[PDB]
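Everything below concerns the one structure shown next.
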Amino acid sequence: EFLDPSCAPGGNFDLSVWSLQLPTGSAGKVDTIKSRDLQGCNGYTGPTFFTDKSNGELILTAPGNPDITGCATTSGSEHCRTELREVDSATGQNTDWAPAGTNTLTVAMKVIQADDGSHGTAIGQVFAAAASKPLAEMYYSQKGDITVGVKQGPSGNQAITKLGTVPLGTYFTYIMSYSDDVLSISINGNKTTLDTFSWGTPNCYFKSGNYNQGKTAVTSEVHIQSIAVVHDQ
Ligand SMILES: *[C@@H]1O[C@H](CO)[C@@H](O)[C@H](O)[C@H]1NC(C)=O
């Protein structure tokens with residue numbers, strides 16, 4: 001369970017359940033690293049996704065407002081990211097799951113610099129594949145306030161709930177759960193059950209990393225110490 005400073009992230013974390021979306025791109029489409037290329041001690045590394053040479057942890061950076069920085073955005077988004085997108089462990093293909101049974105994402109993270117978006121940097125998501133929209137988008141502000149925006153059904157705006165406060169530079173553990181049709185997030189074991197409004201049990205998938213919401217060019221920086229996905233149906 002010791003991370004290896006000499007390995008790429010694929011040697012220190014199970015990246016067989018992830019692909020990586022980057023803030024660079026070509027043809028207005030962002031570069032994506034397939035799971036097969038992330039995996040292993042000799043897997044992908046780049047300028048925004050690399051191993052901390054002091055301790056083996058994962059460092060993810062992302063640039064601010066693309067209108068200023070020129071960074072690449074996914075379709076439908078106006079913000080740049082270095083962010084992991086869940087895939088099927090067997091095939092490497094994009095996946096999603098029903099919120100029946102148990103679906104959790106547990107991450108130990110610290111934020112070194114957050115962006116100046118309304119709520120700060122997005123550090124985890126439950127994405128509703130069924131509506132091509134986020135169900136829950138968790139944010140970390142420059143004051144260390146952790147919040148979540150939950151769309152009021154697929155056509156509604158995000159309702160914001162405060163989840164906790166953690167000072168910048170301090171490690172914390174989050175758990176995002178959408179299980180037995182109940183959405184909840186815990187921060188250091190403090191659990192908040194969240195209203196899902198008019199959402200009709202959408203198929204979803206997890207995202208985790210650094211999705212920079214900045215109004216200005218401010219960079220964001222996230223470090224990850226552990227990341228685990230559980231599906232038990
Ligand atoms: C969890 O709740 C306790 C008790 O209200 C509080 O002292 C602590 O700051 C909370 N944790 C976070 C990360 O906000």
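Chain lettering (A, B, ...) mirrors the order of the structure tokens, residue numbering begins at 1 for each chain separately, and ligand numbering begins at 1 in order of display.
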Cut-off 8 Å, only C-alpha atoms and all ligand atoms, neighbours of ligand 1 as a PyMOL selection string: chain A and resi 163-166+172+187-190
Who sits within 10 Å of residue 1 of chain A, only C-alpha atoms, same chain under 4 positions skipped, as number ranges by chain: A: 12-13, 226
Residue with smallest distance to residue 224 of chain A - pool A:210, A:54, A:39, A:65, counting only C-alpha atoms: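 So, comparing all the options, the nearest one is A:210.
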DSSP strand (DSSP E or B) residues within segment 45-224 of chain A, as an NGL selection string: :A and (46 or 49-51 or 58-62 or 81-87 or 94 or 97 or 102-113 or 121-128 or 133-140 or 145-151 or 158-165 or 172-179 or 182-187 or 190-194 or 204-211 or 220-224)
Same residues, C-alpha atoms, saved as a compact mmCIF listing (two decimals), in the first residue's frame:
# COMPACT_ATOMS: atom_id res chain seq x y z
CA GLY A 46 2.09 14.55 -18.83
CA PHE A 49 -1.02 14.61 -14.67
CA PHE A 50 2.09 13.24 -13.00
CA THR A 51 3.58 11.58 -9.92
CA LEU A 58 -0.96 11.92 -8.07
CA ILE A 59 -0.77 15.62 -9.03
CA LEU A 60 -3.47 17.07 -11.34
CA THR A 61 -3.33 20.67 -12.57
CA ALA A 62 -5.70 22.55 -14.82
CA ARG A 81 -10.06 19.87 -16.94
CA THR A 82 -7.53 17.21 -16.02
CA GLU A 83 -10.18 14.75 -14.89
CA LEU A 84 -10.69 10.97 -14.74
CA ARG A 85 -13.84 9.58 -16.41
CA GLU A 86 -15.10 6.15 -15.35
CA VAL A 87 -14.76 3.18 -17.75
CA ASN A 94 -17.10 4.29 -21.40
CA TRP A 97 -24.56 2.21 -13.96
CA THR A 102 -24.15 0.13 -4.18
CA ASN A 103 -22.09 2.66 -6.14
CA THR A 104 -19.39 4.65 -4.33
CA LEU A 105 -16.33 6.76 -5.14
CA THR A 106 -13.87 7.24 -2.25
CA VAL A 107 -10.99 9.70 -2.72
CA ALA A 108 -8.33 11.05 -0.36
CA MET A 109 -7.39 14.48 -1.79
CA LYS A 110 -5.80 17.81 -0.90
CA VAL A 111 -6.21 21.06 -2.80
CA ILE A 112 -3.10 23.25 -3.16
CA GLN A 113 -4.72 26.00 -5.26
CA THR A 121 -12.78 23.85 -8.46
CA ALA A 122 -14.88 20.78 -9.27
CA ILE A 123 -13.20 17.79 -7.60
CA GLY A 124 -15.73 14.99 -8.16
CA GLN A 125 -18.91 14.30 -10.09
CA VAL A 126 -21.81 11.93 -10.48
CA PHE A 127 -22.65 12.45 -14.18
CA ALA A 128 -26.11 11.51 -15.52
CA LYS A 133 -25.72 16.42 -17.78
CA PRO A 134 -24.22 16.32 -14.26
CA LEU A 135 -26.38 14.96 -11.45
CA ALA A 136 -23.96 16.20 -8.75
CA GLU A 137 -20.85 18.37 -9.11
CA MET A 138 -18.73 18.82 -5.96
CA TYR A 139 -16.72 22.04 -5.59
CA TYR A 140 -13.84 23.21 -3.36
CA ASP A 145 -15.55 25.40 1.60
CA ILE A 146 -16.74 22.14 0.04
CA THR A 147 -20.13 22.31 -1.65
CA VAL A 148 -22.18 20.30 -4.13
CA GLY A 149 -24.43 21.49 -6.94
CA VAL A 150 -27.31 19.15 -7.74
CA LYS A 151 -29.38 19.95 -10.82
CA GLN A 158 -28.03 23.53 -9.55
CA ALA A 159 -29.13 23.69 -5.93
CA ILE A 160 -26.04 24.22 -3.75
CA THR A 161 -25.51 22.38 -0.45
CA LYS A 162 -22.57 23.01 1.90
CA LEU A 163 -20.75 19.80 2.89
CA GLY A 164 -17.83 20.91 5.04
CA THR A 165 -14.75 23.10 5.26
CA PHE A 172 -9.46 15.01 3.45
CA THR A 173 -11.51 11.99 2.34
CA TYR A 174 -14.65 12.28 0.27
CA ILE A 175 -17.20 9.56 -0.52
CA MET A 176 -19.73 10.16 -3.30
CA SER A 177 -22.51 7.56 -3.14
CA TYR A 178 -25.54 6.99 -5.38
CA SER A 179 -26.83 3.77 -3.90
CA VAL A 182 -30.10 7.67 -2.53
CA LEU A 183 -27.50 10.36 -3.31
CA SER A 184 -25.11 11.29 -0.50
CA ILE A 185 -21.63 12.72 0.02
CA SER A 186 -19.41 12.37 3.07
CA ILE A 187 -16.42 14.53 3.95
CA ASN A 190 -19.68 13.69 7.92
CA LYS A 191 -22.47 12.44 5.62
CA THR A 192 -25.04 14.66 3.90
CA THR A 193 -27.99 13.04 2.12
CA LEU A 194 -28.93 15.10 -0.94
CA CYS A 204 -24.71 7.60 -14.12
CA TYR A 205 -20.92 7.43 -13.99
CA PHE A 206 -18.21 8.88 -11.78
CA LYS A 207 -15.62 11.57 -12.55
CA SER A 208 -12.76 12.62 -10.26
CA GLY A 209 -9.90 15.08 -10.50
CA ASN A 210 -9.52 18.75 -11.37
CA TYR A 211 -12.26 20.48 -13.40
CA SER A 220 -5.90 24.86 -9.99
CA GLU A 221 -3.85 22.08 -8.36
CA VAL A 222 -5.14 18.90 -6.69
CA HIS A 223 -3.19 15.99 -5.18
CA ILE A 224 -4.71 12.51 -4.83
DSSP alpha helix (DSSP H) residues within segment 13-230 of chain A, listed as a PyMOL selection string: chain A and resi 35-38+66-69
Those same residues, written as a PDB file, in the first residue's frame with N, CA, C and O atoms?
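result-v5.pdb was written with the following content:
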ATOM      1  N   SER A  35      -7.813   4.057 -20.906  1.00  0.00           N
ATOM      2  CA  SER A  35      -7.383   3.292 -19.735  1.00  0.00           C
ATOM      3  C   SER A  35      -6.150   2.441 -20.036  1.00  0.00           C
ATOM      4  O   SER A  35      -5.208   2.415 -19.229  1.00  0.00           O
ATOM      5  N   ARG A  36      -6.133   1.742 -21.177  1.00  0.00           N
ATOM      6  CA  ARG A  36      -4.996   0.868 -21.482  1.00  0.00           C
ATOM      7  C   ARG A  36      -3.676   1.631 -21.507  1.00  0.00           C
ATOM      8  O   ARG A  36      -2.618   1.042 -21.235  1.00  0.00           O
ATOM      9  N   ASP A  37      -3.699   2.919 -21.846  1.00  0.00           N
ATOM     10  CA  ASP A  37      -2.487   3.732 -21.862  1.00  0.00           C
ATOM     11  C   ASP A  37      -2.192   4.416 -20.533  1.00  0.00           C
ATOM     12  O   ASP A  37      -1.046   4.835 -20.302  1.00  0.00           O
ATOM     13  N   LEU A  38      -3.176   4.509 -19.639  1.00  0.00           N
ATOM     14  CA  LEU A  38      -2.930   5.010 -18.291  1.00  0.00           C
ATOM     15  C   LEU A  38      -2.295   3.953 -17.407  1.00  0.00           C
ATOM     16  O   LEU A  38      -1.507   4.289 -16.510  1.00  0.00           O
ATOM     17  N   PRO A  66     -10.993  29.237 -20.430  1.00  0.00           N
ATOM     18  CA  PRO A  66     -10.467  29.004 -21.784  1.00  0.00           C
ATOM     19  C   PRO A  66     -10.510  30.219 -22.682  1.00  0.00           C
ATOM     20  O   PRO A  66      -9.707  30.311 -23.627  1.00  0.00           O
ATOM     21  N   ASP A  67     -11.441  31.147 -22.448  1.00  0.00           N
ATOM     22  CA  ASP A  67     -11.445  32.370 -23.236  1.00  0.00           C
ATOM     23  C   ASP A  67     -10.153  33.158 -23.059  1.00  0.00           C
ATOM     24  O   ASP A  67      -9.794  33.952 -23.940  1.00  0.00           O
ATOM     25  N   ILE A  68      -9.458  32.969 -21.944  1.00  0.00           N
ATOM     26  CA  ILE A  68      -8.179  33.622 -21.685  1.00  0.00           C
ATOM     27  C   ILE A  68      -7.010  32.700 -22.001  1.00  0.00           C
ATOM     28  O   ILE A  68      -6.029  33.120 -22.615  1.00  0.00           O
ATOM     29  N   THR A  69      -7.088  31.443 -21.568  1.00  0.00           N
ATOM     30  CA  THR A  69      -5.939  30.546 -21.615  1.00  0.00           C
ATOM     31  C   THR A  69      -5.825  29.762 -22.916  1.00  0.00           C
ATOM     32  O   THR A  69      -4.754  29.208 -23.192  1.00  0.00           O
TER      33      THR A  69
END
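Between atom CA of residue 219 of chain A and atom CA of residue 73 of chain A lies a distance of 15.2 Å.
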Non-local contacts of residue 201 of chain A (9 Å; only C-alpha atoms; under 6 positions in same chain excluded) as a list in words: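 After dropping sequence-adjacent residues, the list is residues 98, 99, 100 and 181 of chain A.
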The selected residues should be written to file as a PDB file, in the first residue's frame (atoms: N, CA, C and O atoms).
ATOM      1  N   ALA A  98     -26.695   1.829 -12.939  1.00  0.00           N
ATOM      2  CA  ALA A  98     -27.957   2.182 -12.306  1.00  0.00           C
ATOM      3  C   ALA A  98     -27.734   2.453 -10.824  1.00  0.00           C
ATOM      4  O   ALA A  98     -26.975   1.737 -10.172  1.00  0.00           O
ATOM      5  N   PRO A  99     -28.364   3.448 -10.271  1.00  0.00           N
ATOM      6  CA  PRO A  99     -28.155   3.727  -8.843  1.00  0.00           C
ATOM      7  C   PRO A  99     -28.810   2.733  -7.895  1.00  0.00           C
ATOM      8  O   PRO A  99     -28.856   2.971  -6.686  1.00  0.00           O
ATOM      9  N   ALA A 100     -29.316   1.614  -8.401  1.00  0.00           N
ATOM     10  CA  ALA A 100     -29.747   0.552  -7.507  1.00  0.00           C
ATOM     11  C   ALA A 100     -28.527  -0.217  -7.013  1.00  0.00           C
ATOM     12  O   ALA A 100     -27.485  -0.270  -7.669  1.00  0.00           O
ATOM     13  N   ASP A 181     -30.801   4.214  -4.872  1.00  0.00           N
ATOM     14  CA  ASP A 181     -31.485   5.424  -5.310  1.00  0.00           C
ATOM     15  C   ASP A 181     -31.335   6.613  -4.373  1.00  0.00           C
ATOM     16  O   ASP A 181     -32.096   7.578  -4.491  1.00  0.00           O
TER      17      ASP A 181
END
For atom CA of residue 169 of chain A and atom CA of residue 63 of chain A, the interatomic separation in Å (one decimal):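 Separation between atom CA of residue 169 of chain A and atom CA of residue 63 of chain A: 18.8 Å.
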Exercise: residue 23 of chain A partners within 6 Å, only C-alpha atoms, chain neighbours under 3 positions left out, as a ChimeraX atom specification: /A:71-72,80-81
Coordinates-based distance that separates atom CA of residue 227 of chain A from atom CA of residue 43 of chain A (Å, one decimal):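 Separation of atom CA of residue 43 of chain A and atom CA of residue 227 of chain A: 16.9 Å.
Across A:141, A:93, A:118, A:19, the tightest approach to residue 44 of chain A is made by A:19 when counting only C-alpha atoms.
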Option closest in space to residue 79 of chain A, from A:167, A:56, A:92, A:120 [counting only C-alpha atoms]: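 Of all the options, A:120 lies closest to residue 79 of chain A.
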